[PDB]
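The first residue of the sequence shown is numbered 1, and numbering continues consecutively from there. Side chains are part of it too, since the values below use all heavy atoms of this structure and drop only hydrogens, waters and symmetry mates.
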Amino acid sequence: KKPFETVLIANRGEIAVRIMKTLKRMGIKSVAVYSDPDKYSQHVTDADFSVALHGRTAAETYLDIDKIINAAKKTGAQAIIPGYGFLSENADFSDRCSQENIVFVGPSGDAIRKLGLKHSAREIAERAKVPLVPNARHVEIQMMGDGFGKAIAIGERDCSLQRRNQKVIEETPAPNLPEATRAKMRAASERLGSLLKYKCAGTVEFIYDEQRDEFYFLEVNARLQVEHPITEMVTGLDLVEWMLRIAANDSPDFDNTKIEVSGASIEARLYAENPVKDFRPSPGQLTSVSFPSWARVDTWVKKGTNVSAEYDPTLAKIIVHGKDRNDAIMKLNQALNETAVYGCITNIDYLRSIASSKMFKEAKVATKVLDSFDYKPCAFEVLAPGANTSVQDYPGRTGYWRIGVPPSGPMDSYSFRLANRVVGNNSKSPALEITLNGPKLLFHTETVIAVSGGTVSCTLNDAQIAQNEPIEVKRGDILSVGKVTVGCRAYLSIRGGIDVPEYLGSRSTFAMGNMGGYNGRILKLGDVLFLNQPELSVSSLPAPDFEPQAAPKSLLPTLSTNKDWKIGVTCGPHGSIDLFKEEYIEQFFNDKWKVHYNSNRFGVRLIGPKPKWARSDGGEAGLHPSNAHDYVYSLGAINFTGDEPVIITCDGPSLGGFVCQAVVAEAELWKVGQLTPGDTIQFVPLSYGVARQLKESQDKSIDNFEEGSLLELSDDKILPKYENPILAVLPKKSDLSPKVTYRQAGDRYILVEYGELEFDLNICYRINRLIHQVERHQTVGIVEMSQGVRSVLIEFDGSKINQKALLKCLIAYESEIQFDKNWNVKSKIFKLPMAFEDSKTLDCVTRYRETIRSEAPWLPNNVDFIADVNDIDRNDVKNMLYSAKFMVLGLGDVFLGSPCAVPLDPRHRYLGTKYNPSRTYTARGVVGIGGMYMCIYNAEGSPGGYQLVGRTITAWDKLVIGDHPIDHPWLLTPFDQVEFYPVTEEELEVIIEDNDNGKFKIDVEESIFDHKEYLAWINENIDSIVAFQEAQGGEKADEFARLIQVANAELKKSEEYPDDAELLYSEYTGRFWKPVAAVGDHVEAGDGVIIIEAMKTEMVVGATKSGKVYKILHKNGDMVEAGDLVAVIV
Ligand SMILES: *C(=O)CCCC[C@@H]1SC[C@@H]2NC(=O)N[C@@H]21
Ligand code: NA
């Protein structure tokens, strides 16, 4: 009673997965076959064995009989089961199996030929006494044949709900069909099947006139069918099992088989398609996949799956079994409601609407219905995207700064919340942030809208519309928001908010990390965003709280009028003379700063006076005197990346390697969200208390929404002079209890710094113990404590505990920390593949040479700099990377759990420096060395300042699908160990793809780091260690420190042409990178002409219409103002 020992599936997707469940249950070994895009699919995983066919297309792989038959040969499969599609109804193939001693689980090549031609099929039907055609339904009969003249009708299905002939919903039993006519569909089907000596499963389709009560032969499908599961629900038969048993001549005894149909059952087909744009296939990575577990769902997808446009966009078949038609229709609606699939556009909403219709319920179904079905998405549609339009929410992705997950959310949080409030949204509603110029949107449903923020002209069906007022939108309406004239950004709110899944607590988009928002990115031409109409929705979005209302005008923020701004900050952490000269601190607050073309949500870069440093270098943390033992920064901090500063904003870095001078006050950050290149700013010192006042005034303004409650910067709010950021110093007491320095670090945090400016492993354990002391006292008011190398940043809620109070608890819990030199900690050991100096790492330096700084003591090659400043061979550097034991000291250096690690061997600690200024771009998985520290850049496209050395795999698993035992996206924890092992660039790209699909087995072992054992290891090597240390710096390192400190050059300061040229202008201000085309090249419409760097992005300015490149205006290094002429095409 085992038909076959091993069976191959000549198929992919959902049918392959379903055939395999049966095979498994039957104890039959299964064999997968896959194309190249399918190498990661469920059916390949589920099988006992598998054979790569090589190639991409249907024809190259699944359809190539030769390959298939070789595949079954190679694995010793006694049988091939084909599914449907592909070689399923291909008779040469059925015949090849036969002529090869492989049993084709299907009918004979002859029967397939006899049924393939529209007219041979008609004769058989006639001879079989099947009524033929001498508002149409589609009723089909599922039949089984034993290949020896016996045939049995298993039931009928209605498949009327078809769109341009493609089935979407099927059901059984057929509704509104009398027994007289069902029993005679059955018997006709059995005659047809008998006459053929039909073998295995086939379907006889009929046309049915419901009114006339008549049916007519349409065709036989000589195979199993996609909708077969509804039949299985009502009979309890496993049709694949039957096929297998029949195909091996161990058929069920047909004359004695009693089939009972029990209840009613319905199936909906979930496709990766867009119903709003013509059912156009929608490829991409599924980001979250949830199905009702109580329905039967035949699928091949889960969180993680990459859905391609190649084969057929089926995702899942959702199958429900009810007591009767009405029970099943309700079940199906619940199932559809409970189906959450995100990452691709689906037809779920289209399905929901159909499953829900009065039509479907009254059973007024016909092969024609779906072709004139009124489908309206409760949603908008992007007719044009705008330069950078993102779904955001507020406060954003909070909870995870210690990991280096930024909050994201709106860059100007005040306007954002006004916009929300104006429409009466709960404050958690998501909205769109428009940057520089907005989208044009088509609304498919009705709602209220508002726009707030910068000055932008806004259109509804072409009539100007007011900002800060609730505008009523109709359906067919086109809202359009143009260029931002004053400020950078505006906010478009929609009553009820926008419907997008949360990631890590928030619907905010973090584009760098492909996280959150509308599928991890800015909006695109063609996107379709869903709203939350309470009557037409099943949504978890928070319902509005308030009736809409124009914002009182006294509550509007005062944007600058003339590209010039005063911006309030709290002094600290590092605006003190241990780091900067006195006069430089004065100049910092006295002079104006100009906003630099490289500014974006990661941070806003500034041009102004160059620093005078109090130290000659930064020692072990890097030579440049701004370099600091990596510590966690504050939102709003003004970070000195070498000799130039940048304001850390809501998509910004967290654990970082440079000093911060001051921090924009929480409530002042909105200003920074409205800066545009060329703006001037001046930082204005502000006391902790004043900073709280502004903030609280914004909350009251938003909460009550009442004239006069907004406070803003004014002279009597401003400190006379910058103050000292050092809040208190505890003196050093003993070896394990170092000095403690408490620095004010923003409106929201106190930075605690241990020791002298120096690394010491004990201090890392100590930070762990401080954190533990706060948990033990369960202190009220503390928001998040973030570990750095020798510091921890403590975020508080000023409405729960004030600055002074938190300082004193901290000073006090500090004396409660007790531990000895012999401590231990759980430590995970990661062994990670790394390519030395591969192409993507080197190209990162190249881009830095050609876009920012082309000469520097650490250029042209970073490894050579490490080698040279340390007096070793480059291969000595390579050797240490592959023998060092890197202990993670903190996360988010920089972004998504990017580690800051330090070799456990002191002889592995090399002098170095961090870039001056930092890069704007780094490749995912790049490994860096910053002074003596090591990092892995977990995110693609991140600013970075470490010396680049090679590349591993990201230690951030966004969807937690990797093959490892870690339960969240950040794979590392402080005190873990990373070791590198050598692979080739190409071997690394294999691993990278494999790991992105969860098919790479990360080498991780749980263990324990023991400081007692470690201190003993230092002893048996103390000699070598000391020799190494005494001989490290010198005059050579000092010349380097001198050279490293030279500020980069100031950017550059910024005739007749043929009569009907295309003149080409850059939209943005940026520095000219490189040309794309050569003068005299032919270009098409769209083709690139030149490249700019603007806003940390590689900006292609391209040809409008086709032509020849007549002139290209700039060379590498030129500044280009927005609206400047950049090329001419003739
Ligand atoms: C735009 O370039 C914003 C950059 C913010 C500062 C960058 S992030 C990585 C470097 N490390 C660091 O501590 N600051 C630099
Ligand atoms: Na605050």
Side-chain angles (χ1 to χ4, degrees), residues 12-18 37-38 40-43 45 166 168-169 226 229 266-277 279-320 331-356 375 377-379 391 498-504 507 509 514-521 526-532 537-541 958-961 996-998:
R12 71 166 292 284
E14 155 287 287
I15 200 44
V17 171
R18 176 251 170 295
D38 290 328
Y40 302 125
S41 89
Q42 228 337 303
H43 87 278
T45 303
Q166 306 164 66
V168 339
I169 280 112
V226 182
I266 142 105
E267 171 176 83
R269 307 204 181 173
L270 192 78
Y271 286 102
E273 262 167 6
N274 191 357
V276 172
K277 300 318 271 313
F279 306 86
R280 159 192 165 94
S282 173
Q285 196 175 213
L286 300 182
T287 243
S288 146
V289 176
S290 205
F291 298 115
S293 64
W294 47 268
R296 164 168 164 180
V297 359
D298 297 344
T299 188
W300 62 285
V301 311
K302 33 160 204 212
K303 188 193 224 95
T305 307
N306 294 107
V307 177
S308 103
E310 209 57 28
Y311 306 100
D312 164 83
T314 295
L315 286 174
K317 291 187 289 165
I318 294 140
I319 311 135
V320 121
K331 274 166 186 200
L332 165 74
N333 287 280
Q334 189 192 318
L336 294 184
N337 272 22
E338 224 152 279
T339 285
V341 169
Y342 308 109
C344 288
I345 306 165
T346 72
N347 64 336
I348 191 55
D349 187 62
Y350 173 80
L351 268 10
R352 262 155 190 174
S353 144
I354 298 171
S356 265
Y375 173 61
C378 177
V391 178
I498 300 141
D499 201 65
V500 95
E502 306 183 291
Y503 177 76
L504 286 175
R507 292 176 166 94
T509 311
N514 297 282
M515 269 160 71
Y518 188 78
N519 198 215
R521 55 148 180 94
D527 296 328
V528 165
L529 281 78
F530 283 85
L531 307 195
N532 167 27
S537 285
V538 65
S539 159
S540 81
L541 282 181
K958 183 178 94 199
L959 306 179
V960 196
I961 47 153
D996 282 345
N997 298 89

| field | Heavy-atom side-chain contact between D349 and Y375 under 4.5 Å | value | yes
| field | Side-chain donor/acceptor of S537 to backbone N/O of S539, under 3.5 Å | value | no
| side chain to side chain contact (heavy atoms under 4.5 Å, CB included) assessment of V500 paired with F530 | CA-CA 8 Å; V500 95; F530 283 85; over 6 Å; no
| Heavy-atom closest pair, residues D996 and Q285 | O-OE1, 4.2 Å
| Is there a donor-acceptor pair closer than 3.5 Å between any side-chain N or O of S356 and the backbone N or O of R352? | yes
| task | Compute the centroid of each ring, for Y271 and then for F279, and state whether the two points are separated by less than 6.0 Å. | result | no
| said: Under a 3.5 Å distance rule, please check whether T287 uses its side chain to pair with a backbone N or O of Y342 as donor and acceptor. | reply: no
| field | Closest contact, heavy atoms only, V391 versus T509 | value | O-OG1, 2.6 Å
| request: Kindly state each residue pair satisfying salt bridge (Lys or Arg N to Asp or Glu O under 4.0 Å) with at least one member in residues 288-299, sequence neighbours excluded. | output: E232-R296, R296-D298
| field | OG-CG distance between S540 and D499, expressed to the nearest 0.5 angstrom | value | 6.5 Å
| field | Verdict with reasoning, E267 to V168, per side chain to side chain contact (heavy atoms under 4.5 Å, CB included) | value | CA-CA 8 Å; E267 171 176 83; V168 339; over 6 Å; no
| Side chains of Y503 and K958 in contact at under 4.5 Å (non-hydrogen atoms) | yes
| query | Would you find a donor on one side and an acceptor on the other, under 3.5 Å apart, between the side chain of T314 and the backbone of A316? | reply | no
| So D38 and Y311, side-chain hydrogen bond (donor to acceptor under 3.5 Å, both in side chains) or not? Walk me through it. | CA-CA 10 Å; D38 290 328; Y311 306 100; 4.5 Å; no
| Just how far is it from atom CG of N337 to atom CG of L351, taken to the nearest 0.5 Å? | 11.5 Å
| query | Should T305 and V289 count as side-chain neighbours, where that means a heavy-atom distance under 4.5 Å? | reply | no
| field | Heavy-atom check, side chain of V226 versus side chain of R269, under 4.5 Å | value | yes
| Distance in Å, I348 CD1 paired with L270 CG, rounded so as to fall on 0.5 Å steps | 5.0 Å
| Between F291 and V341, is any pair of side-chain heavy atoms under 4.5 Å apart? | yes
| said: If I take atom CD1 from residue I318 and atom CD1 from residue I266, how far apart are they, to the nearest 0.5 angstrom? | reply: 10.5 Å
| said: Do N274 and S282 pair up side chain to side chain, a donor and an acceptor below 3.5 Å, judged on atom types alone? | reply: no
| SG on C378 to CG on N532, rounded to 0.5 Å | 7.5 Å
| Distance (rounded to the nearest 0.5 Å) between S353 OG and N347 CG | 11.0 Å
| task | With side chain to side chain contact (heavy atoms under 4.5 Å, CB included) as the test, would you mind laying out the steps for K317 and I319 before giving the verdict? | result | CA-CA 6 Å; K317 291 187 289 165; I319 311 135; 4.2 Å; yes
| So, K303 side chain and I961 main chain: donor-acceptor pair closer than 3.5 Å or not? | no
| request: Quick one: list whatever passes salt bridge (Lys or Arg N to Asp or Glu O under 4.0 Å) with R280, sequence neighbours left out. | output: none
| request: Kindly give the heavy-atom pair with the smallest separation between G343 and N519, and that separation in Å. | output: O-OD1, 3.4 Å
| remark: Here the pair of heavy atoms bringing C344 nearest to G284 is SG-O, 3.4 Å
| For the side chain to side chain contact (heavy atoms under 4.5 Å, CB included) test, which of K331, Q334, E338 pairs with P292? | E338
| field | Chi angles and distances behind the side chain to side chain contact (heavy atoms under 4.5 Å, CB included) call for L541, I498 | value | CA-CA 8 Å; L541 282 181; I498 300 141; 5.9 Å; no
| query | Got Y518 and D527 here, is their nearest side-chain heavy-atom distance under 4.5 Å? | reply | yes
| message | To check you understand the geometry: which heavy-atom pair defines the closest contact between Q42 and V17, and what is its length? | response | CB-CG2, 3.6 Å
| said: Please give me the minimum heavy-atom distance between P377 and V276, naming the atom from each residue. | reply: CG-CG2, 3.7 Å
